[PDB]
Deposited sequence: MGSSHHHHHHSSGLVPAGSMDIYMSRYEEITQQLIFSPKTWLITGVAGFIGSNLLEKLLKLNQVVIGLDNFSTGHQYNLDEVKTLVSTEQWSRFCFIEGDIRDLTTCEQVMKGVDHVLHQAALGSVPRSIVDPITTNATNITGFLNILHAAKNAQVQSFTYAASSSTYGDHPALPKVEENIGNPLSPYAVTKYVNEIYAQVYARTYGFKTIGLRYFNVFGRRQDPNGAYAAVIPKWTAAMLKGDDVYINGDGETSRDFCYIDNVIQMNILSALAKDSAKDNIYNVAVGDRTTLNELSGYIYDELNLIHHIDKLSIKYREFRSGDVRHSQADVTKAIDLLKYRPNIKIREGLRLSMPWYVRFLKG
């Protein structure tokens, strides 16, 4: 069970609130859209259809009641534009900010647009929220912030130098958030994600995350590439864990705010083991080439998640193996 979460969701259903999800047509955003509409919350959504999709919002329509859906007001717009950020914050209680351009390679290839999206856009949204005097503010940080720090597991206090323009932007999100707490008393929570996966994560496009990437390759019967030696390790975290933690953070005690928390499970899968898992779970649904290391890459990733467990009563319920089983059906229906 996820008791605290269970309690807070109950709390929400009785006294519903108005939420803003930026990046709401994206992977994590539309997943938050699902849960929040299933709790009868009023939700304002903001996306620009950069990496996000209309079909993800169309999917959530089929997944919820028409009554629940009529409380969703979606706005097409850009976080890089301040006035739209201000317009979108009117009467908002809780801010879940997921809008950004991900991908470490994307940021090497084009650090300028990545900067405007992930720094300027984050600040537009943060400032607008402080000005609107929202009840809470939660934003997507990253495990990439750990940079070249060698120790495992990864604790929130200890980071190294950033290895990618992507990492810089996300780290900058944290600095700004902390500084907003210092100067305005606006307390936020930053969630450092550790490779999230699950339903609605884009398998198409040159910048696809590894799990939906390999899944599409394996299904079609194409080559599956391993960047380096495959001993590179990750703490893959199924979406529902991220969903739990965003909501936990939005209704967190005040003393629990102005904090950074790892969002993961505490596990360590190498890229070799992962291929094996994505092979097995696709077999039971009835249907390898090594190259050089990706540049600006983090080597090993494993979260120490006890801070979230401690302060927020986070209870991670879904490990990678169970996560893949729940996700593979969705990907088959998607690429058929």
{"property": "Missing C-alpha runs, given along the deposited sequence, first residue counted as 1", "result": "1 to 22, 310 to 314, 364"}
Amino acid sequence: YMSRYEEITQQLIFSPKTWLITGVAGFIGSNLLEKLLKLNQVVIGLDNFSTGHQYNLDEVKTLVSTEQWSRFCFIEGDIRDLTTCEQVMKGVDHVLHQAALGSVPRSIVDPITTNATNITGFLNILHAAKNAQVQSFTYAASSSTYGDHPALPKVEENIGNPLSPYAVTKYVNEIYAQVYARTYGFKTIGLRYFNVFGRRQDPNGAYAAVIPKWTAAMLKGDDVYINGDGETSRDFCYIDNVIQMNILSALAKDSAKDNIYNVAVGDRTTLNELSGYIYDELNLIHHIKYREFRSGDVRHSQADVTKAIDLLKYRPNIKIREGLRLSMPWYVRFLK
From here on, numbers count along this sequence of modelled residues.
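In this text, the rigid core denotes the largest set of C-alpha atoms whose superposition between the two forms falls within 1.5 Å.
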| query | finding |
| --- | --- |
| Greatest C-alpha divergence in 7 other deposited structures of this protein once each structure is fitted on the rigid core, 191 to 199 or 227 to 235 | 227 to 235 |
| Of 293 to 301 and 31 to 39, which departs more from this form in 7 other deposited structures of this protein by CA RMS after core fitting | 293 to 301 |
| Segment of higher mean CA temperature factor, 208 to 216 or 239 to 247 | 208 to 216 |
| Higher-scoring stretch by recorded Cα B factor average, 174 to 182 or 151 to 159 | 151 to 159 |
| Residue 226 by Cα B-factor - lowest, middle or highest third of the modelled chain | highest |
| Ranked against its chain, the third holding the CA B-factor of residue 312 | middle |
| Chain thirds of CA B-factor: placement of residue 327 | highest |
| Third of the chain's Cα B-factor distribution that residue 195 belongs to, per the entry | middle |
| Cα B factor band for residue 298 (lowest, middle or highest third within the chain) | highest |
